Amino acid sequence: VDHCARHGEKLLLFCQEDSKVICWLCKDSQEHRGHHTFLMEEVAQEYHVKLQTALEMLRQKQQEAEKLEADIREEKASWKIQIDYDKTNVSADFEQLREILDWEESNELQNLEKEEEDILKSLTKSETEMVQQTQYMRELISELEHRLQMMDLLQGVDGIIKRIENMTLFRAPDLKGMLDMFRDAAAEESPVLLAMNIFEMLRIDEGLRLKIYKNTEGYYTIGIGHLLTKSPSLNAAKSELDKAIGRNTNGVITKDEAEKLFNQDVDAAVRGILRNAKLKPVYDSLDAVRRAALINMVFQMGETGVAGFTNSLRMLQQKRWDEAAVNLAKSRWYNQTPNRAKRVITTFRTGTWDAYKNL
């Protein structure tokens, strides 16, 4: 049950090298000569602590590894959208080319229908003209024919002698060529749908500011738009900061810390959405480029404040884009921060970072 395998004795020792448990008879052998040993109790309670610490770190890395799972789980599904957009974009693009050809067709055709108007109008004119010149001839033949048959054929004839004596009568360019020119290159750049994130979003929307400033609303705030306190006391806001950073900041911080707060503010907001019953369903419904836009509206005016946009939360889940943009503009949130709301909407609209590529 608990004895040395072979020697049949009590396992008391612990070789440092082998790191395995042995008995005193095991010690006097090949694999344990020159080896330092100890009794199990002399090393036990020390090792116990050593794994009590290994466990804790090993548990954090089990969270970090469970993030890398999610991380690429998102990227897969993201490309699925990236592709199934570049696809429509690429197709619809050609569709417009297929249109400009349809116009240029009937255009060039009516330029030939114009020649069938011009040359055809000089036709019926010089037709009727020389068609009477034919019957007017039968008018004189029938005349003389009955003029003959004396009173008839003489009533002025040396005039008709003078009458008869004066009877005078491709658009097609190398389209393949141009497409071969543009197919070459123009600007080979990174993706245009996941070359940015919720972080770079808010970095642009909130800016990074190291020393305490006042809000859009007037309140004290720091770093990547982290609210400190509604109070007018700069010190009180310094106090909250001092308390928030875990040192004596004095209303100014490192960028490294400015980031920490931001990661937390983001991540804290997210948990606010996962717990709120009205928000989450809309989150899971949207693509990444919009999943971030919800965090933005939450990061700004908090959980309870976004849940109120029920009229807007409906369309976006039903995915009526151009309309959800107009309904959000009627909320006070648009009135107060016009440019910010505009950028977030345009992102709820286009489903792209196009509202940010400027900045």
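The numbering used is simple: start at 1 and walk along the sequence shown.
S.K.: Going by the PDB record, how many residues of the deposited sequence fall between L169 and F170 without any coordinates: none, 1 to 3, 4 to 9, or 10 or more?
M.R.: Gap between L169 and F170: 10 or more residues without coordinates.
S.K.: Between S190 and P191, what class does the number of missing deposited residues fall in: none, 1 to 3, 4 to 9, or 10 or more?
M.R.: Per the deposited record, the segment joining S190 and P191 has no missing residues.
S.K.: Comparing 259-267 with 138-146, where is the mean C-alpha B-factor higher?
M.R.: 138-146 has the higher mean C-alpha B-factor.
S.K.: Which is higher on mean Cα B factor in this entry, 29-37 or 64-72?
M.R.: Per the deposited B-factors, the answer is 29-37.
S.K.: For the CA B factor values reported in this entry, which option in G218, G223, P281, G251 has the top one?
M.R.: So the option with the highest C-alpha B-factor is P281.
S.K.: Highest Cα B-factor in the deposition, which of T53, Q45, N296, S312?
M.R.: The record points to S312.
S.K.: Tell me, lowest, middle or highest third: where does the Cα B factor of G156 rank within its chain?
M.R.: It falls in the middle third of the chain.
S.K.: Is the Cα B-factor recorded for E127 in the lowest, middle or highest third of its chain?
M.R.: Highest third - that is where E127 ends up once the chain's C-alpha B-factors are sorted.
S.K.: Where does the C-alpha B-factor of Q133 rank in its chain, lowest, middle or highest third?
M.R.: Highest third, going by the recorded CA B-factors of the chain.
S.K.: Could you tell me which third, lowest, middle or highest, the C-alpha B-factor of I204 occupies within its chain?
M.R.: Bottom third by C-alpha B-factor.
S.K.: Using the B-factors in the PDB entry, rank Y85's C-alpha atom against the chain and give the third, lowest, middle or highest.
M.R.: CA B-factor rank for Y85: lowest third.
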